[PDB]
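K.L.:
Compact mmCIF, N, CA and C atoms and all ligand atoms, saved as input.txt, coming up:
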```txt
# COMPACT_ATOMS: atom_id res chain seq x y z
N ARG A 144 54.09 70.15 36.21
CA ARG A 144 54.95 71.12 36.95
C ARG A 144 55.01 72.45 36.19
N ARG A 145 54.93 73.55 36.90
CA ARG A 145 54.97 74.88 36.23
C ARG A 145 56.24 75.65 36.63
N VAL A 146 57.40 75.08 36.40
CA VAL A 146 58.67 75.77 36.77
C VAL A 146 59.56 75.94 35.52
N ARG A 147 59.60 77.14 34.99
CA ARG A 147 60.44 77.40 33.77
C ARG A 147 60.62 78.91 33.57
N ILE A 148 61.82 79.34 33.27
CA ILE A 148 62.06 80.81 33.08
C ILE A 148 62.85 81.06 31.78
N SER A 149 62.52 82.12 31.09
CA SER A 149 63.24 82.46 29.82
C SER A 149 64.05 83.75 30.02
N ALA A 150 65.07 83.96 29.21
CA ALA A 150 65.89 85.20 29.36
C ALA A 150 65.01 86.46 29.22
N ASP A 151 64.29 86.58 28.14
CA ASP A 151 63.41 87.78 27.96
C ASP A 151 62.29 87.79 29.01
N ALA A 152 61.70 86.65 29.28
CA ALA A 152 60.60 86.59 30.30
C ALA A 152 61.10 87.06 31.67
N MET A 153 62.18 86.50 32.15
CA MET A 153 62.72 86.93 33.48
C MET A 153 63.14 88.41 33.43
N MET A 154 63.75 88.83 32.36
CA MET A 154 64.18 90.27 32.24
C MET A 154 62.95 91.19 32.26
N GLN A 155 61.92 90.83 31.53
CA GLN A 155 60.67 91.66 31.50
C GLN A 155 60.08 91.77 32.91
N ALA A 156 60.09 90.70 33.66
CA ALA A 156 59.55 90.74 35.05
C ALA A 156 60.56 91.40 36.00
N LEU A 157 61.83 91.35 35.67
CA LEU A 157 62.87 91.98 36.55
C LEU A 157 62.75 93.51 36.52
N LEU A 158 62.70 94.10 35.35
CA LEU A 158 62.58 95.59 35.27
C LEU A 158 61.25 95.98 34.59
N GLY A 159 60.17 95.37 35.00
CA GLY A 159 58.84 95.69 34.38
C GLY A 159 57.72 95.35 35.36
N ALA A 160 57.65 94.12 35.80
CA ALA A 160 56.57 93.71 36.76
C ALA A 160 56.78 94.41 38.11
N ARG A 161 56.08 95.50 38.34
CA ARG A 161 56.21 96.24 39.64
C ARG A 161 57.69 96.52 39.96
N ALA A 162 58.44 96.99 38.99
CA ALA A 162 59.88 97.28 39.23
C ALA A 162 60.27 98.63 38.59
N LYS A 163 59.92 98.83 37.34
CA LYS A 163 60.26 100.12 36.66
C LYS A 163 58.99 100.75 36.06
N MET B 1 80.54 69.43 18.05
CA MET B 1 81.48 70.14 18.98
C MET B 1 80.78 70.49 20.30
N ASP B 2 81.52 70.96 21.27
CA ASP B 2 80.90 71.33 22.58
C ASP B 2 81.22 72.80 22.92
N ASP B 3 80.87 73.23 24.12
CA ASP B 3 81.14 74.65 24.53
C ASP B 3 80.55 75.63 23.50
N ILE B 4 79.33 75.41 23.08
CA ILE B 4 78.71 76.33 22.08
C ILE B 4 78.03 77.51 22.79
N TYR B 5 77.33 77.25 23.87
CA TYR B 5 76.65 78.36 24.61
C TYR B 5 77.69 79.23 25.34
N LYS B 6 78.73 78.63 25.89
CA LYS B 6 79.76 79.45 26.59
C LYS B 6 80.57 80.27 25.57
N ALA B 7 80.76 79.75 24.38
CA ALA B 7 81.51 80.52 23.34
C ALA B 7 80.85 81.89 23.14
N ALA B 8 79.53 81.91 23.12
CA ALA B 8 78.80 83.21 22.96
C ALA B 8 78.96 84.04 24.24
N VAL B 9 78.97 83.40 25.38
CA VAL B 9 79.15 84.14 26.68
C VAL B 9 80.50 84.86 26.68
N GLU B 10 81.55 84.19 26.26
CA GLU B 10 82.90 84.83 26.23
C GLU B 10 82.92 85.97 25.20
N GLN B 11 82.40 85.72 24.02
CA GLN B 11 82.38 86.78 22.98
C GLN B 11 81.20 87.74 23.23
N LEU B 12 80.02 87.40 22.76
CA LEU B 12 78.82 88.27 22.98
C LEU B 12 79.09 89.71 22.52
N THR B 13 78.33 90.66 23.00
CA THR B 13 78.53 92.09 22.60
C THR B 13 78.28 93.00 23.80
N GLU B 14 78.88 94.16 23.80
CA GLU B 14 78.69 95.10 24.94
C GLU B 14 77.20 95.37 25.20
N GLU B 15 76.42 95.50 24.15
CA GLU B 15 74.95 95.75 24.31
C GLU B 15 74.31 94.66 25.18
N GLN B 16 74.63 93.41 24.93
CA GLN B 16 74.04 92.30 25.74
C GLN B 16 74.86 92.05 27.01
N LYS B 17 76.15 92.24 26.93
CA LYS B 17 77.02 92.01 28.13
C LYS B 17 76.68 93.02 29.23
N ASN B 18 76.67 94.29 28.90
CA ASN B 18 76.32 95.33 29.93
C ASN B 18 74.88 95.11 30.40
N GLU B 19 74.02 94.62 29.53
CA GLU B 19 72.60 94.36 29.92
C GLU B 19 72.57 93.31 31.05
N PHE B 20 73.33 92.25 30.92
CA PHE B 20 73.35 91.20 31.99
C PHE B 20 73.89 91.82 33.29
N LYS B 21 74.84 92.72 33.19
CA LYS B 21 75.39 93.39 34.41
C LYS B 21 74.28 94.23 35.08
N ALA B 22 73.55 95.00 34.30
CA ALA B 22 72.45 95.83 34.87
C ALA B 22 71.32 94.92 35.40
N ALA B 23 71.12 93.77 34.79
CA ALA B 23 70.05 92.84 35.26
C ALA B 23 70.58 91.91 36.37
N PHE B 24 71.87 91.94 36.63
CA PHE B 24 72.45 91.05 37.69
C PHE B 24 72.40 91.71 39.08
N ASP B 25 72.85 92.94 39.21
CA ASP B 25 72.84 93.60 40.55
C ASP B 25 71.42 93.67 41.14
N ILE B 26 70.42 93.92 40.33
CA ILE B 26 69.02 93.96 40.88
C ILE B 26 68.63 92.56 41.38
N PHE B 27 69.07 91.52 40.70
CA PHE B 27 68.74 90.13 41.15
C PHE B 27 69.42 89.86 42.50
N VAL B 28 70.69 90.17 42.61
CA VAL B 28 71.42 89.96 43.90
C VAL B 28 71.80 91.32 44.51
N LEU B 29 70.99 91.82 45.40
CA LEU B 29 71.30 93.15 46.03
C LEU B 29 72.02 92.93 47.37
N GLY B 30 71.60 91.95 48.13
CA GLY B 30 72.25 91.67 49.44
C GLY B 30 72.48 90.16 49.58
N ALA B 31 73.17 89.57 48.64
CA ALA B 31 73.42 88.10 48.71
C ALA B 31 74.93 87.81 48.75
N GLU B 32 75.43 87.45 49.91
CA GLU B 32 76.89 87.14 50.07
C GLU B 32 77.76 88.29 49.51
N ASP B 33 78.52 88.05 48.47
CA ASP B 33 79.39 89.14 47.91
C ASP B 33 78.90 89.56 46.51
N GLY B 34 77.61 89.60 46.30
CA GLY B 34 77.07 90.01 44.97
C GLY B 34 76.87 88.79 44.07
N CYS B 35 76.35 87.72 44.62
CA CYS B 35 76.11 86.49 43.80
C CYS B 35 74.65 86.05 43.94
N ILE B 36 73.94 85.93 42.85
CA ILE B 36 72.50 85.50 42.93
C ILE B 36 72.39 84.13 43.60
N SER B 37 71.80 84.07 44.77
CA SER B 37 71.66 82.77 45.49
C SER B 37 70.20 82.29 45.45
N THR B 38 69.89 81.23 46.16
CA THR B 38 68.48 80.70 46.16
C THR B 38 67.49 81.77 46.66
N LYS B 39 67.85 82.49 47.70
CA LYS B 39 66.93 83.54 48.25
C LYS B 39 66.71 84.68 47.23
N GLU B 40 67.75 85.10 46.54
CA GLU B 40 67.58 86.20 45.54
C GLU B 40 66.72 85.72 44.37
N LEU B 41 67.00 84.55 43.85
CA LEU B 41 66.18 84.02 42.72
C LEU B 41 64.73 83.81 43.19
N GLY B 42 64.55 83.31 44.39
CA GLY B 42 63.17 83.09 44.91
C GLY B 42 62.40 84.42 44.97
N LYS B 43 63.09 85.51 45.20
CA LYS B 43 62.40 86.84 45.25
C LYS B 43 61.69 87.10 43.92
N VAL B 44 62.37 86.90 42.82
CA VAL B 44 61.74 87.11 41.48
C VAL B 44 60.72 85.99 41.20
N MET B 45 60.94 84.81 41.74
CA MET B 45 59.98 83.68 41.53
C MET B 45 58.59 84.08 42.05
N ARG B 46 58.54 84.77 43.16
CA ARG B 46 57.22 85.21 43.72
C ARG B 46 56.53 86.20 42.77
N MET B 47 57.29 87.00 42.05
CA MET B 47 56.67 87.97 41.09
C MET B 47 55.87 87.22 40.01
N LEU B 48 56.36 86.09 39.57
CA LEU B 48 55.62 85.30 38.53
C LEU B 48 54.33 84.73 39.12
N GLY B 49 54.36 84.31 40.36
CA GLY B 49 53.14 83.75 41.01
C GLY B 49 53.43 82.40 41.69
N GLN B 50 54.69 82.02 41.83
CA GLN B 50 55.01 80.72 42.48
C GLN B 50 56.03 80.93 43.61
N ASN B 51 55.83 80.27 44.72
CA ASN B 51 56.79 80.41 45.87
C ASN B 51 57.35 79.03 46.24
N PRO B 52 58.33 78.59 45.48
CA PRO B 52 58.96 77.26 45.73
C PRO B 52 59.94 77.33 46.90
N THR B 53 60.38 76.19 47.38
CA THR B 53 61.35 76.16 48.52
C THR B 53 62.76 76.52 48.01
N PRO B 54 63.67 76.76 48.93
CA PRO B 54 65.06 77.12 48.54
C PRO B 54 65.75 75.96 47.81
N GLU B 55 65.32 74.74 48.07
CA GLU B 55 65.93 73.56 47.37
C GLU B 55 65.65 73.63 45.87
N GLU B 56 64.46 74.05 45.49
CA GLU B 56 64.11 74.16 44.04
C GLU B 56 65.15 75.03 43.32
N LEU B 57 65.49 76.16 43.88
CA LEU B 57 66.50 77.04 43.23
C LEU B 57 67.92 76.49 43.47
N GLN B 58 68.14 75.79 44.56
CA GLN B 58 69.50 75.23 44.82
C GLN B 58 69.88 74.28 43.66
N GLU B 59 68.91 73.58 43.11
CA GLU B 59 69.20 72.68 41.96
C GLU B 59 69.54 73.55 40.73
N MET B 60 68.86 74.67 40.60
CA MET B 60 69.14 75.60 39.46
C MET B 60 70.58 76.14 39.56
N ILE B 61 70.99 76.53 40.74
CA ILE B 61 72.38 77.06 40.92
C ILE B 61 73.42 75.95 40.69
N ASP B 62 73.09 74.73 41.05
CA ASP B 62 74.06 73.60 40.84
C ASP B 62 74.20 73.29 39.35
N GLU B 63 73.13 73.40 38.60
CA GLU B 63 73.19 73.11 37.13
C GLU B 63 74.09 74.13 36.40
N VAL B 64 74.08 75.37 36.82
CA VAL B 64 74.93 76.40 36.13
C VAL B 64 76.21 76.72 36.93
N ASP B 65 76.28 76.35 38.19
CA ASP B 65 77.52 76.67 38.98
C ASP B 65 78.03 75.44 39.74
N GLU B 66 79.32 75.27 39.78
CA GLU B 66 79.94 74.13 40.51
C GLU B 66 81.37 74.49 40.92
N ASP B 67 81.58 75.71 41.35
CA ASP B 67 82.95 76.16 41.76
C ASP B 67 83.13 76.11 43.29
N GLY B 68 82.14 75.63 44.01
CA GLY B 68 82.26 75.57 45.50
C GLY B 68 81.39 76.66 46.13
N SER B 69 81.24 77.78 45.46
CA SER B 69 80.39 78.88 46.01
C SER B 69 78.91 78.47 46.01
N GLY B 70 78.43 77.86 44.95
CA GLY B 70 76.99 77.45 44.91
C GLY B 70 76.12 78.70 44.73
N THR B 71 76.64 79.70 44.07
CA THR B 71 75.86 80.95 43.84
C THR B 71 76.06 81.41 42.40
N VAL B 72 75.04 81.94 41.78
CA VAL B 72 75.18 82.40 40.36
C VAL B 72 75.96 83.71 40.30
N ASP B 73 77.16 83.67 39.77
CA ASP B 73 77.99 84.91 39.67
C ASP B 73 77.59 85.69 38.41
N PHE B 74 78.28 86.75 38.09
CA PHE B 74 77.93 87.54 36.86
C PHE B 74 78.06 86.65 35.62
N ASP B 75 79.15 85.94 35.50
CA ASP B 75 79.35 85.04 34.33
C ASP B 75 78.27 83.96 34.30
N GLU B 76 78.09 83.25 35.39
CA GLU B 76 77.04 82.18 35.45
C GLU B 76 75.66 82.76 35.14
N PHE B 77 75.38 83.95 35.61
CA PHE B 77 74.05 84.59 35.32
C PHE B 77 73.91 84.82 33.81
N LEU B 78 74.92 85.40 33.19
CA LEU B 78 74.86 85.64 31.72
C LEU B 78 74.97 84.30 30.96
N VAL B 79 75.68 83.34 31.51
CA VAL B 79 75.80 82.00 30.85
C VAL B 79 74.44 81.30 30.89
N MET B 80 73.73 81.42 31.99
CA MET B 80 72.38 80.79 32.11
C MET B 80 71.39 81.49 31.17
N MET B 81 71.62 82.75 30.88
CA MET B 81 70.70 83.51 29.97
C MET B 81 70.76 82.96 28.55
N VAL B 82 71.94 82.89 27.96
CA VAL B 82 72.06 82.36 26.56
C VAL B 82 71.54 80.92 26.48
N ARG B 83 71.67 80.16 27.55
CA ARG B 83 71.17 78.74 27.54
C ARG B 83 69.70 78.70 27.08
N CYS B 84 68.87 79.55 27.63
CA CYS B 84 67.43 79.57 27.22
C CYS B 84 67.20 80.62 26.11
N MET B 85 68.22 81.38 25.77
CA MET B 85 68.08 82.41 24.69
C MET B 85 68.23 81.79 23.29
N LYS B 86 68.69 80.55 23.21
CA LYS B 86 68.87 79.87 21.88
C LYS B 86 69.93 80.61 21.04
N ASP B 87 70.15 80.18 19.82
CA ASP B 87 71.19 80.85 18.97
C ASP B 87 70.54 81.64 17.82
N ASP B 88 71.34 82.20 16.95
CA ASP B 88 70.79 83.00 15.81
C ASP B 88 70.66 82.16 14.53
N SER B 89 71.44 81.12 14.39
CA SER B 89 71.36 80.27 13.15
C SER B 89 70.08 79.41 13.15
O1 LIG C 1 67.60 75.94 31.52
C1 LIG C 1 66.72 75.18 31.95
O2 LIG C 1 66.27 74.18 31.34
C2 LIG C 1 66.14 75.50 33.34
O3 LIG C 1 65.37 76.73 33.39
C3 LIG C 1 65.83 77.88 33.99
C4 LIG C 1 65.15 78.21 35.20
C5 LIG C 1 65.53 79.36 35.92
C6 LIG C 1 66.59 80.18 35.43
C7 LIG C 1 66.97 81.33 36.15
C8 LIG C 1 66.96 82.58 35.50
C9 LIG C 1 67.36 83.73 36.22
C10 LIG C 1 67.76 83.62 37.57
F1 LIG C 1 68.14 84.73 38.24
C11 LIG C 1 67.77 82.38 38.22
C12 LIG C 1 67.37 81.22 37.51
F2 LIG C 1 67.39 80.02 38.17
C13 LIG C 1 67.27 79.84 34.22
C14 LIG C 1 66.88 78.69 33.51
CA CA C 2 79.87 80.55 41.49
```
Could you render the structure as structure tokens?

P.N.:
Amino acid sequence: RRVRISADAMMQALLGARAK
Amino acid sequence: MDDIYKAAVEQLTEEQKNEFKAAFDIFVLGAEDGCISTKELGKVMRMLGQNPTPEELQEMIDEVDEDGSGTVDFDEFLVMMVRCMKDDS
């Protein structure tokens, strides 16, 4: 299964991956 | 002892506390009354490369929330962050 999220990982994708 | 991760959530620091607030509104922009729900979390899930069903995130909201709303509020969002953020010791 590939389901897991980290605080820094989710934050980096929240305001970084096609966001900011 | 217990309540170790929540102890940091209650104390914490403005630098990290305000950060969770700025990272919370973007997660839940149009979800009920400003609470990250299964649909809001699924939006960021697609950015990583996976599109799971709403039930997958419903289990995530139940693990961190159980007040009847079934939605990640500002506190639950910051409480879920320290859970995977580990401690400093
Ligand atoms: O803590 C564990 O073992 C389970 O892993 C986790 C999976 C997803 C999240 C998570 C993060 C941001 C968000 F907006 C919605 C979320 F569900 C948090 C933790
Ligand atoms: Ca709640």

K.L.:
For ligand LIG 1 (chain C), list the contacting residues at 6 Å or closer, counting only C-alpha atoms and all ligand atoms, as a ChimeraX atom specification.

P.N.:
/A:147-148 /B:41,57,60,80,84

K.L.:
Please identify every residue of chain B that has at least one atom no more than 8 Å from any atom of chain A, counting all atoms listed in the file, and report them as an mmCIF file with N, CA and C atoms, in the frame of the given file.

P.N.:
```cif
data_model
loop_
_atom_site.group_PDB
_atom_site.id
_atom_site.type_symbol
_atom_site.label_atom_id
_atom_site.label_comp_id
_atom_site.auth_asym_id
_atom_site.auth_seq_id
_atom_site.Cartn_x
_atom_site.Cartn_y
_atom_site.Cartn_z
ATOM 1 N N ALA B 23 71.120 93.770 34.790
ATOM 2 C CA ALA B 23 70.050 92.840 35.260
ATOM 3 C C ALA B 23 70.580 91.910 36.370
ATOM 4 N N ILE B 26 70.420 93.920 40.330
ATOM 5 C CA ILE B 26 69.020 93.960 40.880
ATOM 6 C C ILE B 26 68.630 92.560 41.380
ATOM 7 N N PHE B 27 69.070 91.520 40.700
ATOM 8 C CA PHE B 27 68.740 90.130 41.150
ATOM 9 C C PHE B 27 69.420 89.860 42.500
ATOM 10 N N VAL B 44 62.370 86.900 42.820
ATOM 11 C CA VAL B 44 61.740 87.110 41.480
ATOM 12 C C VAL B 44 60.720 85.990 41.200
ATOM 13 N N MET B 47 57.290 87.000 42.050
ATOM 14 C CA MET B 47 56.670 87.970 41.090
ATOM 15 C C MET B 47 55.870 87.220 40.010
ATOM 16 N N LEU B 48 56.360 86.090 39.570
ATOM 17 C CA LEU B 48 55.620 85.300 38.530
ATOM 18 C C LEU B 48 54.330 84.730 39.120
ATOM 19 N N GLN B 50 54.690 82.020 41.830
ATOM 20 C CA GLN B 50 55.010 80.720 42.480
ATOM 21 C C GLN B 50 56.030 80.930 43.610
ATOM 22 N N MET B 80 73.730 81.420 31.990
ATOM 23 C CA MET B 80 72.380 80.790 32.110
ATOM 24 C C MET B 80 71.390 81.490 31.170
ATOM 25 N N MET B 81 71.620 82.750 30.880
ATOM 26 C CA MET B 81 70.700 83.510 29.970
ATOM 27 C C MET B 81 70.760 82.960 28.550
ATOM 28 N N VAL B 82 71.940 82.890 27.960
ATOM 29 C CA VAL B 82 72.060 82.360 26.560
ATOM 30 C C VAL B 82 71.540 80.920 26.480
ATOM 31 N N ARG B 83 71.670 80.160 27.550
ATOM 32 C CA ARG B 83 71.170 78.740 27.540
ATOM 33 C C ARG B 83 69.700 78.700 27.080
ATOM 34 N N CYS B 84 68.870 79.550 27.630
ATOM 35 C CA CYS B 84 67.430 79.570 27.220
ATOM 36 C C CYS B 84 67.200 80.620 26.110
ATOM 37 N N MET B 85 68.220 81.380 25.770
ATOM 38 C CA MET B 85 68.080 82.410 24.690
ATOM 39 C C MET B 85 68.230 81.790 23.290
ATOM 40 N N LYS B 86 68.690 80.550 23.210
ATOM 41 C CA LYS B 86 68.870 79.870 21.880
ATOM 42 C C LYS B 86 69.930 80.610 21.040
#
```

K.L.:
Might you pull out every residue within 10 Å of range 16-18 of chain B, with only C-alpha atoms counted and same-chain residues fewer than 5 positions away left off, and present them as an mmCIF file with N, CA and C atoms, in the coordinates of the input?

P.N.:
```
data_model
loop_
_atom_site.group_PDB
_atom_site.id
_atom_site.type_symbol
_atom_site.label_atom_id
_atom_site.label_comp_id
_atom_site.auth_asym_id
_atom_site.auth_seq_id
_atom_site.Cartn_x
_atom_site.Cartn_y
_atom_site.Cartn_z
ATOM 1 N N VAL B 9 78.970 83.400 25.380
ATOM 2 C CA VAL B 9 79.150 84.140 26.680
ATOM 3 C C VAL B 9 80.500 84.860 26.680
ATOM 4 N N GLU B 10 81.550 84.190 26.260
ATOM 5 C CA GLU B 10 82.900 84.830 26.230
ATOM 6 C C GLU B 10 82.920 85.970 25.200
ATOM 7 N N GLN B 11 82.400 85.720 24.020
ATOM 8 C CA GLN B 11 82.380 86.780 22.980
ATOM 9 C C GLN B 11 81.200 87.740 23.230
ATOM 10 N N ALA B 23 71.120 93.770 34.790
ATOM 11 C CA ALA B 23 70.050 92.840 35.260
ATOM 12 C C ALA B 23 70.580 91.910 36.370
ATOM 13 N N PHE B 24 71.870 91.940 36.630
ATOM 14 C CA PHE B 24 72.450 91.050 37.690
ATOM 15 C C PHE B 24 72.400 91.710 39.080
ATOM 16 N N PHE B 74 78.280 86.750 38.090
ATOM 17 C CA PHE B 74 77.930 87.540 36.860
ATOM 18 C C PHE B 74 78.060 86.650 35.620
ATOM 19 N N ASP B 75 79.150 85.940 35.500
ATOM 20 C CA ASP B 75 79.350 85.040 34.330
ATOM 21 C C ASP B 75 78.270 83.960 34.300
ATOM 22 N N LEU B 78 74.920 85.400 33.190
ATOM 23 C CA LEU B 78 74.860 85.640 31.720
ATOM 24 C C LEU B 78 74.970 84.300 30.960
#
```

K.L.:
May I ask which of the residues B:39, B:46, B:20, B:65 is the closest one to ligand CA 2 (chain C), counting only C-alpha atoms and all ligand atoms?

P.N.:
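Once distances to ligand CA 2 (chain C) are computed over only C-alpha atoms and all ligand atoms, the minimum belongs to B:65.
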
K.L.:
Near residue 72 in chain B, counting only N, CA and C atoms, which residues have an atom at most 6 Å away, once you skip same-chain residues fewer than 6 positions from it, shown as a PyMOL selection string?

P.N.:
chain B and resi 35-37+61

K.L.:
Draw an axis-aligned box tight on the listed atoms of range 6-17 of chain B, then pad every side by 8 Å and write out centre and edge lengths in Å to one decimal as JSON.

P.N.:
```
{"center_x": 78.5, "center_y": 87.2, "center_z": 25.9, "size_x": 24.9, "size_y": 33.1, "size_z": 22.7}
```

K.L.:
Give me, please, the distance in Å between atom CA of ligand CA 2 (chain C) and CA of residue 70 in chain B, quoted to one decimal.

P.N.:
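Going from atom CA of ligand CA 2 (chain C) over to CA of residue 70 in chain B, I get 5.4 Å.
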
K.L.:
Would you compute the distance between atom N of residue 63 in chain B and atom N of residue 38 in chain B? Give it in Å to one decimal.

P.N.:
11.4 Å

K.L.:
Once you count all atoms listed in the file, what closest atom pair and distance in Å to one decimal does each residue of chain B within 5 Å of ligand CA 2 (chain C) have, with rows by chain and rising residue number, as CSV?

P.N.:
```
residue,atom,partner,partner_atom,distance
B:69,CA,C:CA2,CA,4.8
B:70,N,C:CA2,CA,4.6
B:71,C,C:CA2,CA,4.0
B:73,N,C:CA2,CA,4.5
```

K.L.:
In Å, how far is it from CA of residue 21 in chain B to atom C of residue 76 in chain B?

P.N.:
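These atoms are spaced 10.7 Å apart.
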
K.L.:
Please report, as an MDAnalysis selection string, each residue of chain A to which DSSP assigns helix (DSSP H, G or I) when run on this structure's backbone.

P.N.:
chainID A and resid 150:157
